[PDB]
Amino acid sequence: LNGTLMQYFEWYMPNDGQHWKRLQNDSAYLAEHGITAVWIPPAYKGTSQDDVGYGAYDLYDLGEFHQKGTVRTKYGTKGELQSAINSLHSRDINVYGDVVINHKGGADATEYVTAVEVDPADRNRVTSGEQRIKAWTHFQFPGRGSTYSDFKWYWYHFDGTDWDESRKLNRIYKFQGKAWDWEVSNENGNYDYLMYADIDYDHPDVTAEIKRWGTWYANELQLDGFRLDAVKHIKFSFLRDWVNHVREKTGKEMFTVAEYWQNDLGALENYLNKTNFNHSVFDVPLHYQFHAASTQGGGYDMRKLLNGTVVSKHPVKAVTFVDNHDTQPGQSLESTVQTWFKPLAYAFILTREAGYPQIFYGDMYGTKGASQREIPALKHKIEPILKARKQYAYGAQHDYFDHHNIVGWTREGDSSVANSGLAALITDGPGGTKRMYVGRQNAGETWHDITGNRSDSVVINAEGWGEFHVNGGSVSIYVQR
């Protein structure tokens, strides 16, 4: 009954074209462990076969056409993806497709374009006169032709680019007659520009096309929802309208979560407000608190976890997580939650009542970068916590964030889930004990730590209290034997 998301990729997976098959073969395991939705990496052709998917060369090529030196994407063919999705749907697992619509990379040809340079720290400030550049802006899709869509892209569908091919120079160029879109993040004055060729969401043909592609993509992969990439760089009213449009055309709920990357509740609340709360956001501040706690050796005040997060103020609109493909070691938003703390963070998102929690493929199975800082496979430490969510994390919650290190919470259980109820403790410092209330309805039950970290049983007293233990730097989740 509790919903659990899984991000089903990490940055450094091998480029062997087997990922979709792997996903298909993992669907039984996912369903058995209580995963109810998966966020899949971008499924369309990037700038090369080894593109993780954020290059977004051709949104209508789901590993179906020979373009950029390959038919398959990094992950496999369209048919393989569709077979994975029908296996997941057979076990009632929803599929959320990644939507990369900020930009297009890997244009087929250059165009001569008049542009001005802008200040990378303040993109409202122009720093040159008009100059002629060669920008990678012409998309003809030679391998696809007009199959599924005859829409071709040219420079006038974009606001700018970061590369002049004639001078071989990396600068932010704004094209003649274009304006950065608004509303976007006010970072760097205006953060419309991120990378590759930036889509002009002032252009009416572009807005129409991206909306109609959205519907096509949903049908083609029978998607149940979306993950929106890089939303702080995309006109907010457009994203709002795009989500409404696809819901209207498909007739489905289409759960949507947006990646608005800022460690600031205020900015995320502005985004929610400007999109009329029609979709969720990832709980980026909560991630940064996990990272902080994990790197401060007990010095962090664990009471802080209850404030300044999306889930603390808008729980229905928060997707909580520990790490992702951008925060993992080596990546562009690196802020990895250290290994020792990771299970405590998973207990916080998985066993508490608020928020839609998401598990990271990289945490389950490890990351496969070339460093010696990779996340190790933590599947066996996460599995018990997933089981706690699936079977035990129901009913009224009681919080005990009354200590700098040792904090906890209980769930009373619900009569609709037999034997449900839990008592969780985490500590970023020394271990110890805490008496917590689990409900008089659980009086006399004998509870045990589902993680196996503590071997002691706890008998709930007549008044509904148990004396629970946790080891140093550890997590324990007690549930009924």
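Heads up: residue numbers just count along the shown sequence, starting at 1.
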Quick check: 240 to 248 versus 361 to 369, which has the larger average CA B-factor in the record?
240 to 248
So, looking at the entry's B-factor column for Cα atoms, which has the higher mean, 352 to 360 or 299 to 307?
299 to 307
According to the deposited entry, which of 102, 320, 391, 338 has the largest Cα B-factor?
391
Tell me, please, which of 417, 424, 30, 52 has the highest C-alpha B factor according to the deposited entry?
417
Split the chain's modelled residues into thirds by Cα B-factor; is residue 1 in the lowest, middle or highest one?
highest
Divide the modelled residues of the chain into thirds by Cα B-factor and specify which third, lowest, middle or highest, holds residue 43.
lowest
Sorting the chain's CA B-factors, does residue 73 end up in the lowest, middle or highest third?
lowest
By its CA B factor, does residue 471 count among the lowest, middle or highest third of the modelled residues in the chain?
middle
Residue 269: C-alpha B-factor third of its chain, per the entry, is the middle
